[PDB]
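Two forms of the same protein chain are encoded below as structure tokens; each is given separately, as structure 1 and structure 2.
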Structure 1
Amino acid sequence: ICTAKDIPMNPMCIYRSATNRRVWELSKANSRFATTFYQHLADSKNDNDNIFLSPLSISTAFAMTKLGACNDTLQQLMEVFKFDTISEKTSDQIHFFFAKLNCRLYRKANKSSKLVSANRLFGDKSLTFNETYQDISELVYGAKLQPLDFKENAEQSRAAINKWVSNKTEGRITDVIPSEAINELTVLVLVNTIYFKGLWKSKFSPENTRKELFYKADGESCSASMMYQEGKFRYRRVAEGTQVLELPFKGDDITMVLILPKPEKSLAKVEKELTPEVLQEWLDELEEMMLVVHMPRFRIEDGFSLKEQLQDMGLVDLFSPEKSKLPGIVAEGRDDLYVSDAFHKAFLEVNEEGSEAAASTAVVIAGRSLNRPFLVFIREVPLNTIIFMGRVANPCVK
């Protein structure tokens, strides 16, 4: 709906609880879901484990899912993704703000870094989806509905979807859908993708990079290539000796924030207390300063279902075959569609030239159920959005 093509129409179940304040609002909601998501996730993983995701991707894919949700399934969706925090209830205006949001995000607010996003739907080549549902998906999310033979060729189906994502992620993301997620009973598959590649506004030089000794929790040793640089950066040593460092990209509208808990300190606290407000506070305190950066040259992949975590977060209905409500999707009889499962997969690569991240979130309808430090944040400055985020627990990567 990117002011090229408010005014536009959209019809389905609607729930009730410059105007950029709505977009800025949306960004906050999005950010609120991110920190809360990160926690659960963290709380579920081993402290010394890697974490990497694009909460933004999760947001989108779920907003896309929201398009055909009904009374309560919709409500949860609204509350969980914090949609109900923006001003003016209008369930339908969410998608519009998202449209505007994504707009500014991927469309020509440019050229110093690569910020692309693609979305798509994959329904059964035999069913008849709601035309409006289809049209609003392509209009808001730019999501086209690709017919896939789930009944007769589910495996091939998955594979196809995975190949699409791979195309859309520069090969970075393959495998978003696991080996048995798609079956004969899959009606549709909502998919989002995000791809970033950026150049360091101030880059490290391979000449200063040095390999070195990396110890793990009770585990032996590994080798890490540590980058080095000296320069003026927006830094700040916050409470408890926690460090906060900002590394912008040539595409200065985009930056990478590092949060290092005081050496030997449990990352757990900081994380445990994570709020967008706490974050924003850190930011607001950053001062420019000459310093030496010891940063690793590394890569990290992250994959996982979202079902469990989102369930704990209040997303229950959506997942129940019995109480799920997604009536506005298939033209005839859309009266039995739960989200079997949802998957996420993120890739992160950091080196001397810059950084490169990618992720995918794919919601499947009626399918088959089932080493010390670091915090990363790739954010959109003007837009106040967390694109990517994670924990780097192993720089000597496999």
Structure 2
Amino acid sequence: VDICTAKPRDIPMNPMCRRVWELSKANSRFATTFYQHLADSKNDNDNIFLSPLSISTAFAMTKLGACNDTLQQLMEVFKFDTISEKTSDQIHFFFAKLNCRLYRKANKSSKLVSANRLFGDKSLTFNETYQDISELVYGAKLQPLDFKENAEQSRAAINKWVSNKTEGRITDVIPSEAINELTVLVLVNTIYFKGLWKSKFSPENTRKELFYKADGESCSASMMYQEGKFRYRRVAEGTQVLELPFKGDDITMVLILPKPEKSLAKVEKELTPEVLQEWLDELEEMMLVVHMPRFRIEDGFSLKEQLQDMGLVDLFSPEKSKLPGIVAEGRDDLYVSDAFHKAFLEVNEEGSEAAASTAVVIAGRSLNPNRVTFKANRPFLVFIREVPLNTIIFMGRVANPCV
């Protein structure tokens, strides 16, 4: 039974505890709710970059061994309870279907790698059903590590493993000394994405240009430039929405650039899944001039603080946590010590994480003289989505791309 074959009865009942999917909707509700809270707590001159899909996946995996209020809190916070027909055992089934299509091994131009792992001290034993379904559905190993007597060796091992999965772009998922002898359970998760643009820019048309920060000042950015046929629409209150697809067309990049006058903080607060979905429905292929800067964002997270604040308390509490999928001789306080996530995105003329020099020659072209222009020389929102599945893979904000 592999992940694409798995049927509903292959994801078992629990211990005692085009078409648009229901799971994808739920994940997008988490994504905009989590993003808004994170952005509201951050200064407007800082870049944000995260993978909500990664976070959702990691915590769905973790709720296999959760129960009672711990499971209830999990289900609520990640908006899994919003999926109409109750059954919380059908979410693992939905993720099997989503993970099978997300992480294929087709020649699909883009590469999408999943790193999803729960690390427990060697004294803990993971239930056999928990291990089995985590492996099948999430491709996740419940990994024993010597935390008690080799804390730092484990941390280096954890960081080394995520490093191998991100091709050396993410080297420190766990920040220094965040793991010790008292660490019991650590959840680590990342998603790594490489892809070439469908319509690449040429480095010879890139040139230093001013970027206007939220503080009022300016800096020098490497502004890329090309002209071509892209899905676009100027929407409510002068906001420019632009989709730049990757080779294959299944993974695209959506940019949300507000007019000069309107603030990006105001757009971040208005952000909803249904406002975003109406914007995509208005987009139309159009011949336009594209100006967008080369940017590189590496944002690392320690999730407990914020997730607790949103209502995920029990899971991180020694008294309150209810995790019957994990067991330890003589211990009744098995809790998650922290959840670590780190995401990376480098965007150039070739695409996402491809650094090549593709010159471009366009012979005999003469475009409309009044064609629309898109110049991203002021903060904008970035969405990396999977079109067929209607899934927000990554999401972020480019508030300062300057060197």
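Here, residue number means position along structure 1's sequence, counting from 1. If you superpose the two forms and keep the largest set of C-alpha atoms that fall within 1.5 Å, you have the rigid core.
Among the candidates 358, 26, 61, 34, the CA atom that moves 2 angstroms or more between structures 1 and 2 after core superposition belongs to 358 alone. Taking 2 Å as the criterion, residue 281 does not count as shifted between structures 1 and 2: its C-alpha moves by less than this amount when the rigid core is aligned. Residue displacement note: residue 294 has its CA displaced by under 2 Å between structures 1 and 2 (rigid core superposed). Once both forms are fitted on their rigid core, the CA atom of residue 51 lies less than 2 Å apart between structures 1 and 2. After superposing on the rigid core, the C-alpha of residue 91 is displaced by 1.4 Å between structures 1 and 2. The two forms, fitted on their core, place the C-alpha of residue 215 5.1 Å apart, compared between structures 1 and 2. On a core-based overlay, residue 204 has a Cα shift of 0.4 Å between structures 1 and 2.
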